[PDB]
$ cat coords21.cif   # mmCIF, C-alpha atoms and all ligand atoms
data_structure
#
loop_
_atom_site.label_atom_id
_atom_site.label_comp_id
_atom_site.auth_asym_id
_atom_site.auth_seq_id
_atom_site.Cartn_x
_atom_site.Cartn_y
_atom_site.Cartn_z
CA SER A 30 -134.66 -119.25 -39.86
CA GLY A 31 -134.41 -115.72 -38.36
CA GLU A 32 -134.37 -116.28 -34.60
CA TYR A 33 -131.16 -115.56 -32.67
CA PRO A 34 -129.12 -118.76 -32.92
CA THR A 35 -128.71 -120.81 -29.73
CA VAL A 36 -126.19 -123.33 -28.27
CA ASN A 37 -127.91 -126.55 -29.35
CA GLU A 38 -128.55 -125.02 -32.79
CA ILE A 39 -124.85 -124.47 -33.70
CA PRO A 40 -122.49 -127.48 -33.91
CA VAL A 41 -119.01 -126.80 -32.63
CA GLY A 42 -116.99 -125.60 -35.61
CA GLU A 43 -119.81 -123.77 -37.46
CA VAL A 44 -120.49 -120.06 -37.33
CA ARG A 45 -123.66 -118.08 -37.87
CA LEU A 46 -124.12 -114.34 -38.37
CA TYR A 47 -127.11 -112.30 -37.20
CA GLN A 48 -128.01 -108.89 -38.55
CA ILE A 49 -128.34 -106.44 -35.67
CA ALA A 50 -128.67 -103.12 -37.55
CA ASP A 51 -127.55 -101.59 -40.81
CA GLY A 52 -123.87 -102.45 -41.10
CA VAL A 53 -123.81 -104.35 -37.76
CA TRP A 54 -123.87 -108.14 -37.29
CA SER A 55 -123.15 -110.43 -34.41
CA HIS A 56 -121.29 -113.68 -34.93
CA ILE A 57 -122.21 -116.78 -32.92
CA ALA A 58 -120.15 -119.94 -32.46
CA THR A 59 -120.00 -122.80 -30.00
CA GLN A 60 -117.12 -124.36 -28.13
CA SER A 61 -116.41 -127.07 -25.56
CA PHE A 62 -114.69 -126.11 -22.29
CA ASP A 63 -114.20 -128.41 -19.31
CA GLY A 64 -116.69 -130.87 -20.78
CA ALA A 65 -119.61 -128.52 -21.44
CA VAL A 66 -120.64 -126.69 -24.61
CA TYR A 67 -121.27 -122.97 -24.67
CA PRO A 68 -122.28 -120.39 -27.27
CA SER A 69 -120.41 -117.11 -27.58
CA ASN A 70 -120.88 -113.86 -29.47
CA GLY A 71 -118.74 -111.33 -31.26
CA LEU A 72 -119.45 -108.34 -33.48
CA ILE A 73 -118.86 -107.26 -37.09
CA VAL A 74 -119.14 -103.59 -38.07
CA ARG A 75 -119.04 -102.24 -41.60
CA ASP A 76 -116.13 -99.73 -42.02
CA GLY A 77 -116.78 -98.36 -45.53
CA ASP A 78 -115.78 -101.14 -47.94
CA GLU A 79 -113.96 -103.05 -45.14
CA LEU A 80 -115.08 -104.76 -41.91
CA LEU A 81 -114.03 -104.34 -38.29
CA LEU A 82 -114.24 -107.56 -36.26
CA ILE A 83 -114.83 -107.57 -32.49
CA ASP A 84 -113.63 -110.82 -30.84
CA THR A 85 -112.72 -114.17 -32.28
CA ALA A 86 -115.12 -117.11 -32.56
CA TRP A 87 -113.49 -119.02 -29.67
CA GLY A 88 -110.81 -121.11 -31.35
CA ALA A 89 -108.71 -121.40 -34.47
CA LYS A 90 -111.07 -123.62 -36.45
CA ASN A 91 -114.12 -121.63 -35.38
CA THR A 92 -112.36 -118.41 -36.42
CA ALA A 93 -111.46 -119.82 -39.84
CA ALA A 94 -115.12 -120.77 -40.20
CA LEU A 95 -116.05 -117.21 -39.17
CA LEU A 96 -113.94 -115.73 -41.95
CA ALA A 97 -115.55 -118.11 -44.44
CA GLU A 98 -119.06 -117.21 -43.22
CA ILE A 99 -118.28 -113.50 -43.54
CA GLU A 100 -117.07 -114.00 -47.11
CA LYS A 101 -120.28 -115.90 -47.93
CA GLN A 102 -122.75 -113.56 -46.26
CA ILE A 103 -121.11 -110.13 -46.52
CA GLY A 104 -118.23 -110.34 -48.99
CA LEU A 105 -116.11 -107.48 -47.67
CA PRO A 106 -112.64 -107.99 -46.23
CA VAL A 107 -111.99 -108.05 -42.50
CA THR A 108 -109.06 -105.68 -42.06
CA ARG A 109 -108.88 -105.13 -38.29
CA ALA A 110 -109.96 -106.98 -35.15
CA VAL A 111 -110.24 -105.93 -31.52
CA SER A 112 -110.32 -108.43 -28.65
CA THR A 113 -112.30 -107.22 -25.67
CA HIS A 114 -110.49 -109.30 -22.99
CA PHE A 115 -107.77 -111.93 -22.73
CA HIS A 116 -109.80 -115.18 -22.53
CA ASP A 117 -109.89 -117.76 -25.32
CA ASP A 118 -113.45 -116.82 -26.37
CA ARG A 119 -112.01 -113.40 -27.31
CA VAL A 120 -108.43 -114.08 -28.51
CA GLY A 121 -108.49 -117.78 -29.52
CA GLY A 122 -108.24 -117.46 -33.26
CA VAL A 123 -106.01 -114.36 -33.30
CA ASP A 124 -103.24 -116.39 -34.94
CA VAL A 125 -105.70 -117.43 -37.71
CA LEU A 126 -106.71 -113.77 -38.16
CA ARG A 127 -103.10 -112.59 -38.26
CA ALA A 128 -102.26 -115.14 -40.99
CA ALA A 129 -105.33 -114.06 -43.00
CA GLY A 130 -104.15 -110.43 -43.22
CA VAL A 131 -106.17 -109.06 -40.32
CA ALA A 132 -104.45 -106.56 -38.04
CA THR A 133 -105.24 -107.60 -34.43
CA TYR A 134 -105.55 -105.17 -31.53
CA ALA A 135 -106.18 -105.23 -27.77
CA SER A 136 -105.37 -103.10 -24.75
CA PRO A 137 -101.90 -103.51 -23.23
CA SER A 138 -103.57 -105.04 -20.21
CA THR A 139 -105.26 -107.68 -22.37
CA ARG A 140 -102.02 -108.38 -24.20
CA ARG A 141 -100.09 -108.88 -20.95
CA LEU A 142 -102.76 -111.18 -19.51
CA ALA A 143 -103.01 -113.23 -22.68
CA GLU A 144 -99.24 -113.65 -22.79
CA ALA A 145 -98.98 -114.58 -19.15
CA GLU A 146 -101.71 -117.20 -19.37
CA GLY A 147 -100.68 -118.79 -22.69
CA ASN A 148 -103.50 -117.45 -24.87
CA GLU A 149 -103.03 -116.01 -28.34
CA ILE A 150 -101.74 -112.46 -28.35
CA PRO A 151 -103.09 -109.57 -30.48
CA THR A 152 -100.35 -107.69 -32.32
CA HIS A 153 -101.16 -104.05 -31.58
CA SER A 154 -101.72 -102.25 -28.29
CA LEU A 155 -104.68 -99.91 -27.79
CA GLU A 156 -103.48 -97.04 -25.60
CA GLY A 157 -105.84 -94.53 -24.00
CA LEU A 158 -107.96 -97.14 -22.21
CA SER A 159 -106.15 -97.71 -18.93
CA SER A 160 -108.41 -95.73 -16.57
CA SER A 161 -112.08 -96.54 -15.95
CA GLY A 162 -114.28 -94.26 -18.00
CA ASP A 163 -111.73 -93.92 -20.80
CA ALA A 164 -112.91 -94.06 -24.38
CA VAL A 165 -111.23 -94.02 -27.78
CA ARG A 166 -112.44 -94.15 -31.36
CA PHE A 167 -111.57 -97.11 -33.56
CA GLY A 168 -113.05 -96.96 -37.04
CA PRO A 169 -116.85 -97.04 -36.81
CA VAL A 170 -116.89 -97.82 -33.06
CA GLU A 171 -116.04 -96.33 -29.70
CA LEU A 172 -114.09 -98.53 -27.29
CA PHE A 173 -114.81 -97.93 -23.60
CA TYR A 174 -113.09 -99.27 -20.50
CA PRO A 175 -115.72 -99.45 -17.74
CA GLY A 176 -113.53 -100.85 -14.97
CA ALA A 177 -113.04 -104.37 -13.70
CA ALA A 178 -116.02 -106.69 -14.10
CA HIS A 179 -115.89 -110.12 -15.72
CA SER A 180 -112.18 -109.49 -16.00
CA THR A 181 -109.91 -106.62 -15.07
CA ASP A 182 -109.24 -105.78 -18.74
CA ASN A 183 -112.76 -106.04 -20.21
CA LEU A 184 -113.70 -103.47 -22.84
CA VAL A 185 -117.11 -102.61 -24.21
CA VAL A 186 -117.83 -101.40 -27.75
CA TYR A 187 -120.43 -98.88 -28.93
CA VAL A 188 -121.56 -98.41 -32.54
CA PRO A 189 -122.80 -94.76 -32.57
CA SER A 190 -124.42 -94.98 -36.04
CA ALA A 191 -126.79 -97.64 -34.77
CA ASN A 192 -126.85 -97.15 -30.97
CA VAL A 193 -125.60 -100.72 -30.53
CA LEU A 194 -123.81 -101.52 -27.25
CA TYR A 195 -121.67 -104.66 -27.34
CA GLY A 196 -120.97 -105.42 -23.72
CA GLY A 197 -118.86 -108.49 -24.17
CA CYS A 198 -118.58 -110.74 -21.15
CA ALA A 199 -119.12 -107.87 -18.70
CA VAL A 200 -122.80 -108.07 -19.73
CA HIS A 201 -125.08 -111.10 -19.30
CA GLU A 202 -128.20 -112.13 -21.18
CA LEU A 203 -131.60 -111.74 -19.52
CA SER A 204 -132.05 -115.50 -18.94
CA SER A 205 -128.74 -115.73 -17.05
CA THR A 206 -129.01 -117.05 -13.49
CA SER A 207 -125.37 -116.77 -12.59
CA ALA A 208 -122.49 -114.48 -13.20
CA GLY A 209 -120.99 -116.92 -15.70
CA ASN A 210 -117.36 -117.90 -15.45
CA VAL A 211 -116.12 -115.75 -12.58
CA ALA A 212 -112.58 -117.16 -12.39
CA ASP A 213 -110.95 -113.80 -13.24
CA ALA A 214 -113.79 -111.51 -12.22
CA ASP A 215 -114.05 -108.67 -9.67
CA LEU A 216 -117.60 -109.21 -8.26
CA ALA A 217 -117.22 -106.25 -5.87
CA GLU A 218 -116.34 -103.75 -8.66
CA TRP A 219 -118.59 -105.23 -11.36
CA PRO A 220 -121.77 -103.30 -10.38
CA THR A 221 -119.81 -100.04 -10.35
CA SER A 222 -118.41 -100.84 -13.80
CA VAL A 223 -121.91 -101.59 -15.11
CA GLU A 224 -123.14 -98.30 -13.65
CA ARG A 225 -120.42 -96.55 -15.67
CA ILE A 226 -121.65 -98.24 -18.85
CA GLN A 227 -125.28 -97.26 -18.05
CA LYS A 228 -124.23 -93.65 -17.51
CA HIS A 229 -122.08 -93.43 -20.62
CA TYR A 230 -124.50 -95.09 -23.09
CA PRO A 231 -128.05 -94.06 -22.07
CA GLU A 232 -129.27 -94.11 -25.68
CA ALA A 233 -128.28 -97.70 -26.44
CA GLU A 234 -131.06 -99.48 -28.33
CA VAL A 235 -129.56 -102.98 -28.59
CA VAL A 236 -127.29 -104.51 -25.95
CA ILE A 237 -125.32 -107.63 -26.90
CA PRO A 238 -123.85 -109.89 -24.16
CA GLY A 239 -120.69 -111.92 -24.57
CA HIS A 240 -122.77 -115.12 -24.47
CA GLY A 241 -126.47 -115.46 -25.28
CA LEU A 242 -129.31 -113.36 -26.62
CA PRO A 243 -129.19 -109.60 -27.32
CA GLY A 244 -131.86 -107.36 -25.80
CA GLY A 245 -132.21 -103.80 -24.65
CA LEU A 246 -130.83 -101.69 -21.84
CA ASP A 247 -132.30 -104.03 -19.22
CA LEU A 248 -129.41 -106.43 -19.80
CA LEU A 249 -127.23 -103.96 -17.89
CA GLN A 250 -129.38 -103.82 -14.77
CA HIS A 251 -129.98 -107.57 -14.93
CA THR A 252 -126.22 -108.12 -15.01
CA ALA A 253 -125.71 -105.95 -11.95
CA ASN A 254 -128.47 -107.86 -10.18
CA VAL A 255 -127.09 -111.32 -10.91
CA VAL A 256 -123.57 -110.37 -10.01
CA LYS A 257 -124.66 -108.87 -6.66
CA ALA A 258 -126.68 -111.99 -5.90
CA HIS A 259 -123.82 -114.31 -6.90
CA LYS A 260 -121.49 -112.46 -4.53
CA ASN A 261 -124.19 -112.60 -1.83
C1 LIG B 301 -113.15 -119.12 -22.08
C2 LIG B 301 -113.97 -118.59 -20.90
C3 LIG B 301 -115.26 -119.43 -20.59
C4 LIG B 301 -115.30 -120.82 -20.64
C5 LIG B 301 -116.49 -121.53 -20.36
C6 LIG B 301 -117.67 -120.90 -20.07
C7 LIG B 301 -117.66 -119.47 -20.00
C8 LIG B 301 -118.65 -118.51 -19.65
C9 LIG B 301 -120.02 -118.76 -19.32
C10 LIG B 301 -121.07 -117.98 -19.86
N1 LIG B 301 -122.34 -118.25 -19.53
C11 LIG B 301 -122.67 -119.24 -18.72
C12 LIG B 301 -121.71 -119.99 -18.13
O1 LIG B 301 -122.10 -121.02 -17.28
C13 LIG B 301 -120.34 -119.78 -18.44
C14 LIG B 301 -117.96 -117.29 -19.79
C15 LIG B 301 -118.45 -115.93 -19.50
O2 LIG B 301 -119.27 -115.82 -18.53
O3 LIG B 301 -117.89 -114.91 -20.03
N2 LIG B 301 -116.69 -117.46 -20.16
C16 LIG B 301 -116.45 -118.78 -20.27
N3 LIG B 301 -113.18 -118.53 -19.67
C17 LIG B 301 -112.38 -119.59 -19.10
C18 LIG B 301 -111.79 -118.99 -17.85
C19 LIG B 301 -110.34 -118.55 -17.87
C20 LIG B 301 -110.16 -119.29 -16.55
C21 LIG B 301 -108.97 -120.20 -16.45
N4 LIG B 301 -108.75 -120.58 -15.02
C22 LIG B 301 -111.54 -119.93 -16.67
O4 LIG B 301 -112.69 -117.89 -17.59
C23 LIG B 301 -113.51 -117.61 -18.67
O5 LIG B 301 -114.29 -116.73 -18.68
ZN ZN B 302 -113.93 -114.26 -20.18
ZN ZN B 303 -116.98 -114.89 -21.97
#
$ encode --input "coords21.cif" --output "structure tokens"
Amino acid sequence: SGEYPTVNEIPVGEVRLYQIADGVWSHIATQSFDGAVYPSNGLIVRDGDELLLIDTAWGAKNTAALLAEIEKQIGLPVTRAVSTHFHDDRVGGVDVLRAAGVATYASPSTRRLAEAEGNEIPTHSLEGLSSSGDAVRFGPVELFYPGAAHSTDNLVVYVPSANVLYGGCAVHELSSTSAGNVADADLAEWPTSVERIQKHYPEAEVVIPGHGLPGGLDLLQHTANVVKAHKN
């Protein structure tokens, strides 16, 4: 009833949307992994009379439910999707999208990693993102490669019309006590990558993590802090 939806509030298989700003929503879904349940976020950005999707809803059935929820709540067609790294919370559901008419995109690095590890593979490669600090425009967003953090391929997304920074899994929520799933992370480079985000997007008003509650710019410093302490 208006609060940001949380893990125990979303059964696995259902999806909820949350209005972030004019023409910007997050999507929230839940999934089981190694016997625990987790929430995860993505983004939806209005692109005229179409929608740009950022990240899947962590699985094929969740992603079908996402498309249904978008049709219910927004009623504009999703035409393109970008996955912000190669893990299943970002690409699981790409096959569903691709069969529903959505053109799917990711960096070449993400595509290679997804292929190598047996995850679903976005169709189209996003060039111009291979060096830290690179940025490219993609419809109503800017895509930015900050350097290795949660993963070596992680991208962040900025919505300039609304000053919304979607950090994906490179950014943690304020309640986080740990650096999350660090299996593929670079804990040594992560603070430097966060510093690049902080420098590039000083006017961000909302910061959205890959999992958990949005907040303001403090999510970036908090992330750097928890990562440094995890490493320590
Ligand atoms: C699908 C994703 C994943 C699964 C389960 C939980 C998380 C979390 C997470 C968030 N918050 C708190 C927390 O405890 C955990 C994140 C997060 O941090 O981005 N990601 C999660 N994968 C799986 C994998 C691939 C590797 C294969 N060897 C393991 O590394 C990942 O990042
Ligand atoms: Zn991940
Ligand atoms: Zn994640």
$ closest_atom_pairs --input "coords21.cif" --of "chain A" --to "ligand LIG 301 (chain B)" --cutoff "6 Å" --atoms "all atoms listed in the file" --output "Markdown table"
| residue | atom | partner | partner_atom | distance |
| --- | --- | --- | --- | --- |
| A:62 | CA | B:LIG301 | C5 | 5.3 |
| A:116 | CA | B:LIG301 | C1 | 5.2 |
| A:117 | CA | B:LIG301 | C1 | 4.8 |
| A:118 | CA | B:LIG301 | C1 | 4.9 |
| A:198 | CA | B:LIG301 | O3 | 4.4 |
| A:209 | CA | B:LIG301 | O2 | 3.5 |
| A:210 | CA | B:LIG301 | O2 | 4.2 |
| A:212 | CA | B:LIG301 | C22 | 5.2 |
| A:240 | CA | B:LIG301 | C10 | 5.7 |
$ closest_residue --input "coords21.cif" --among "A:50, A:135, A:89, A:58" --to "residue A:156" --atoms "only C-alpha atoms"
A:135
$ closest_atom_pairs --input "coords21.cif" --of "chain A" --to "ligand ZN 303 (chain B)" --cutoff "12 Å" --atoms "only C-alpha atoms and all ligand atoms" --output "CSV"
residue,atom,partner,partner_atom,distance
A:59,CA,B:ZN303,ZN,11.7
A:60,CA,B:ZN303,ZN,11.3
A:62,CA,B:ZN303,ZN,11.5
A:67,CA,B:ZN303,ZN,9.5
A:68,CA,B:ZN303,ZN,9.3
A:69,CA,B:ZN303,ZN,6.9
A:70,CA,B:ZN303,ZN,8.5
A:71,CA,B:ZN303,ZN,10.1
A:84,CA,B:ZN303,ZN,10.3
A:85,CA,B:ZN303,ZN,11.2
A:86,CA,B:ZN303,ZN,11.0
A:87,CA,B:ZN303,ZN,9.4
A:112,CA,B:ZN303,ZN,11.4
A:113,CA,B:ZN303,ZN,9.7
A:114,CA,B:ZN303,ZN,8.6
A:115,CA,B:ZN303,ZN,9.7
A:116,CA,B:ZN303,ZN,7.2
A:117,CA,B:ZN303,ZN,8.4
A:118,CA,B:ZN303,ZN,6.0
A:119,CA,B:ZN303,ZN,7.4
A:120,CA,B:ZN303,ZN,10.8
A:121,CA,B:ZN303,ZN,11.7
A:178,CA,B:ZN303,ZN,11.4
A:179,CA,B:ZN303,ZN,7.9
A:180,CA,B:ZN303,ZN,9.4
A:183,CA,B:ZN303,ZN,10.0
A:184,CA,B:ZN303,ZN,11.9
A:196,CA,B:ZN303,ZN,10.4
A:197,CA,B:ZN303,ZN,7.0
A:198,CA,B:ZN303,ZN,4.5
A:199,CA,B:ZN303,ZN,8.0
A:200,CA,B:ZN303,ZN,9.2
A:201,CA,B:ZN303,ZN,9.3
A:202,CA,B:ZN303,ZN,11.6
A:208,CA,B:ZN303,ZN,10.4
A:209,CA,B:ZN303,ZN,7.7
A:210,CA,B:ZN303,ZN,7.2
A:211,CA,B:ZN303,ZN,9.5
A:212,CA,B:ZN303,ZN,10.8
A:213,CA,B:ZN303,ZN,10.7
A:214,CA,B:ZN303,ZN,10.8
A:238,CA,B:ZN303,ZN,8.8
A:239,CA,B:ZN303,ZN,5.4
A:240,CA,B:ZN303,ZN,6.3
A:241,CA,B:ZN303,ZN,10.1
$ closest_residue --input "coords21.cif" --among "A:123, A:44, A:177, A:96" --to "ligand ZN 302 (chain B)" --atoms "only C-alpha atoms and all ligand atoms"
A:177
$ closest_residue --input "coords21.cif" --among "A:176, A:79, A:166, A:39" --to "residue A:131" --atoms "all atoms listed in the file"
A:79
$ closest_residue --input "coords21.cif" --among "A:103, A:236, A:142, A:255" --to "ligand ZN 302 (chain B)" --atoms "all atoms listed in the file"
A:142
$ residues_around --input "coords21.cif" --residues "residue A:168" --least-positions-apart "6" --cutoff "10 Å" --atoms "only C-alpha atoms" --output "list in words"
residues 74, 75, 76, 77, 80, 81, 109 and 188 of chain A
$ atom_distance --input "coords21.cif" --atom1 "atom CA of residue A:56" --atom2 "atom CA of residue A:206"
23.0 Å
$ closest_residue --input "coords21.cif" --among "A:175, A:66, A:181, A:104" --to "ligand ZN 302 (chain B)" --atoms "all atoms listed in the file"
A:181
$ closest_residue --input "coords21.cif" --among "A:222, A:92, A:37, A:252" --to "residue A:127" --atoms "all atoms listed in the file"
A:92
$ atom_distance --input "coords21.cif" --atom1 "atom CA of residue A:207" --atom2 "atom CA of residue A:259"
6.4 Å
$ atom_distance --input "coords21.cif" --atom1 "atom CA of residue A:158" --atom2 "atom CA of residue A:182"
9.4 Å
$ residues_near_point --input "coords21.cif" --point "(-134.4, -104.3, -19.1)" --cutoff "12 Å" --atoms "only C-alpha atoms" --output "mmCIF file with C-alpha atoms, in the frame of the given file"
data_model
loop_
_atom_site.group_PDB
_atom_site.id
_atom_site.type_symbol
_atom_site.label_atom_id
_atom_site.label_comp_id
_atom_site.auth_asym_id
_atom_site.auth_seq_id
_atom_site.Cartn_x
_atom_site.Cartn_y
_atom_site.Cartn_z
ATOM 1 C CA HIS A 201 -125.080 -111.100 -19.300
ATOM 2 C CA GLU A 202 -128.200 -112.130 -21.180
ATOM 3 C CA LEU A 203 -131.600 -111.740 -19.520
ATOM 4 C CA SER A 204 -132.050 -115.500 -18.940
ATOM 5 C CA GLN A 227 -125.280 -97.260 -18.050
ATOM 6 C CA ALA A 233 -128.280 -97.700 -26.440
ATOM 7 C CA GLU A 234 -131.060 -99.480 -28.330
ATOM 8 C CA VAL A 235 -129.560 -102.980 -28.590
ATOM 9 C CA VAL A 236 -127.290 -104.510 -25.950
ATOM 10 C CA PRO A 243 -129.190 -109.600 -27.320
ATOM 11 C CA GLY A 244 -131.860 -107.360 -25.800
ATOM 12 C CA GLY A 245 -132.210 -103.800 -24.650
ATOM 13 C CA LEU A 246 -130.830 -101.690 -21.840
ATOM 14 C CA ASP A 247 -132.300 -104.030 -19.220
ATOM 15 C CA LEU A 248 -129.410 -106.430 -19.800
ATOM 16 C CA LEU A 249 -127.230 -103.960 -17.890
ATOM 17 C CA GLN A 250 -129.380 -103.820 -14.770
ATOM 18 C CA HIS A 251 -129.980 -107.570 -14.930
ATOM 19 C CA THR A 252 -126.220 -108.120 -15.010
ATOM 20 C CA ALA A 253 -125.710 -105.950 -11.950
ATOM 21 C CA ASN A 254 -128.470 -107.860 -10.180
#
$ residues_near_point --input "coords21.cif" --point "(-129.1, -110.7, -31.6)" --cutoff "8 Å" --atoms "all atoms listed in the file" --output "mmCIF file with C-alpha atoms, in the coordinates of the input"
data_model
loop_
_atom_site.group_PDB
_atom_site.id
_atom_site.type_symbol
_atom_site.label_atom_id
_atom_site.label_comp_id
_atom_site.auth_asym_id
_atom_site.auth_seq_id
_atom_site.Cartn_x
_atom_site.Cartn_y
_atom_site.Cartn_z
ATOM 1 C CA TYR A 33 -131.160 -115.560 -32.670
ATOM 2 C CA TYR A 47 -127.110 -112.300 -37.200
ATOM 3 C CA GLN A 48 -128.010 -108.890 -38.550
ATOM 4 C CA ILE A 49 -128.340 -106.440 -35.670
ATOM 5 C CA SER A 55 -123.150 -110.430 -34.410
ATOM 6 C CA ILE A 237 -125.320 -107.630 -26.900
ATOM 7 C CA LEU A 242 -129.310 -113.360 -26.620
ATOM 8 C CA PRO A 243 -129.190 -109.600 -27.320
ATOM 9 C CA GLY A 244 -131.860 -107.360 -25.800
#
$ build_atoms --input "coords21.cif" --residues "stretch 34-55 of chain A" --atoms "N, CA and C atoms" --output "PDB file, keeping the file's coordinate frame"
ATOM      1  N   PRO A  34    -129.520-117.361 -33.012  1.00  0.00           N
ATOM      2  CA  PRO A  34    -129.120-118.760 -32.920  1.00  0.00           C
ATOM      3  C   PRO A  34    -128.599-119.128 -31.574  1.00  0.00           C
ATOM      4  N   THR A  35    -128.983-120.343 -31.109  1.00  0.00           N
ATOM      5  CA  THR A  35    -128.710-120.810 -29.730  1.00  0.00           C
ATOM      6  C   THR A  35    -127.772-122.024 -29.661  1.00  0.00           C
ATOM      7  N   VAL A  36    -127.311-122.396 -28.430  1.00  0.00           N
ATOM      8  CA  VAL A  36    -126.190-123.330 -28.270  1.00  0.00           C
ATOM      9  C   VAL A  36    -126.459-124.655 -28.970  1.00  0.00           C
ATOM     10  N   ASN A  37    -127.640-125.247 -28.748  1.00  0.00           N
ATOM     11  CA  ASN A  37    -127.910-126.550 -29.350  1.00  0.00           C
ATOM     12  C   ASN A  37    -128.191-126.439 -30.840  1.00  0.00           C
ATOM     13  N   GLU A  38    -128.265-125.221 -31.376  1.00  0.00           N
ATOM     14  CA  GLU A  38    -128.550-125.020 -32.790  1.00  0.00           C
ATOM     15  C   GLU A  38    -127.286-124.826 -33.621  1.00  0.00           C
ATOM     16  N   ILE A  39    -126.118-124.725 -32.998  1.00  0.00           N
ATOM     17  CA  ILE A  39    -124.850-124.470 -33.700  1.00  0.00           C
ATOM     18  C   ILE A  39    -123.855-125.569 -33.337  1.00  0.00           C
ATOM     19  N   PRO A  40    -123.525-126.501 -34.233  1.00  0.00           N
ATOM     20  CA  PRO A  40    -122.490-127.480 -33.910  1.00  0.00           C
ATOM     21  C   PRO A  40    -121.160-126.790 -33.701  1.00  0.00           C
ATOM     22  N   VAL A  41    -120.344-127.355 -32.824  1.00  0.00           N
ATOM     23  CA  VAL A  41    -119.010-126.800 -32.630  1.00  0.00           C
ATOM     24  C   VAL A  41    -118.246-126.875 -33.942  1.00  0.00           C
ATOM     25  N   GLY A  42    -117.684-125.749 -34.337  1.00  0.00           N
ATOM     26  CA  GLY A  42    -116.990-125.600 -35.610  1.00  0.00           C
ATOM     27  C   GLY A  42    -117.736-124.800 -36.679  1.00  0.00           C
ATOM     28  N   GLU A  43    -119.026-124.561 -36.510  1.00  0.00           N
ATOM     29  CA  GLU A  43    -119.810-123.770 -37.460  1.00  0.00           C
ATOM     30  C   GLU A  43    -120.010-122.380 -36.913  1.00  0.00           C
ATOM     31  N   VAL A  44    -120.262-121.402 -37.804  1.00  0.00           N
ATOM     32  CA  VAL A  44    -120.490-120.060 -37.330  1.00  0.00           C
ATOM     33  C   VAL A  44    -121.723-119.515 -38.015  1.00  0.00           C
ATOM     34  N   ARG A  45    -122.530-118.775 -37.271  1.00  0.00           N
ATOM     35  CA  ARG A  45    -123.660-118.080 -37.870  1.00  0.00           C
ATOM     36  C   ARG A  45    -123.535-116.594 -37.582  1.00  0.00           C
ATOM     37  N   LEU A  46    -124.024-115.790 -38.518  1.00  0.00           N
ATOM     38  CA  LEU A  46    -124.120-114.340 -38.370  1.00  0.00           C
ATOM     39  C   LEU A  46    -125.573-113.946 -38.140  1.00  0.00           C
ATOM     40  N   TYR A  47    -125.783-112.832 -37.461  1.00  0.00           N
ATOM     41  CA  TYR A  47    -127.110-112.300 -37.200  1.00  0.00           C
ATOM     42  C   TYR A  47    -127.091-110.809 -37.437  1.00  0.00           C
ATOM     43  N   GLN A  48    -127.973-110.318 -38.285  1.00  0.00           N
ATOM     44  CA  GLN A  48    -128.010-108.890 -38.550  1.00  0.00           C
ATOM     45  C   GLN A  48    -128.631-108.147 -37.391  1.00  0.00           C
ATOM     46  N   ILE A  49    -127.886-107.229 -36.797  1.00  0.00           N
ATOM     47  CA  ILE A  49    -128.340-106.440 -35.670  1.00  0.00           C
ATOM     48  C   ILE A  49    -128.939-105.124 -36.110  1.00  0.00           C
ATOM     49  N   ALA A  50    -128.279-104.441 -37.050  1.00  0.00           N
ATOM     50  CA  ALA A  50    -128.670-103.120 -37.550  1.00  0.00           C
ATOM     51  C   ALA A  50    -127.992-102.957 -38.890  1.00  0.00           C
ATOM     52  N   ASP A  51    -128.260-101.852 -39.574  1.00  0.00           N
ATOM     53  CA  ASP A  51    -127.550-101.590 -40.810  1.00  0.00           C
ATOM     54  C   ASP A  51    -126.043-101.549 -40.561  1.00  0.00           C
ATOM     55  N   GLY A  52    -125.312-102.410 -41.238  1.00  0.00           N
ATOM     56  CA  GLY A  52    -123.870-102.450 -41.100  1.00  0.00           C
ATOM     57  C   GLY A  52    -123.364-103.026 -39.782  1.00  0.00           C
ATOM     58  N   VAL A  53    -124.204-103.738 -39.012  1.00  0.00           N
ATOM     59  CA  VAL A  53    -123.810-104.350 -37.760  1.00  0.00           C
ATOM     60  C   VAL A  53    -124.357-105.754 -37.701  1.00  0.00           C
ATOM     61  N   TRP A  54    -123.479-106.732 -37.468  1.00  0.00           N
ATOM     62  CA  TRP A  54    -123.870-108.140 -37.290  1.00  0.00           C
ATOM     63  C   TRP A  54    -123.245-108.623 -35.984  1.00  0.00           C
ATOM     64  N   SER A  55    -123.880-109.589 -35.341  1.00  0.00           N
ATOM     65  CA  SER A  55    -123.150-110.430 -34.410  1.00  0.00           C
ATOM     66  C   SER A  55    -122.734-111.714 -35.088  1.00  0.00           C
TER      67      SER A  55
END
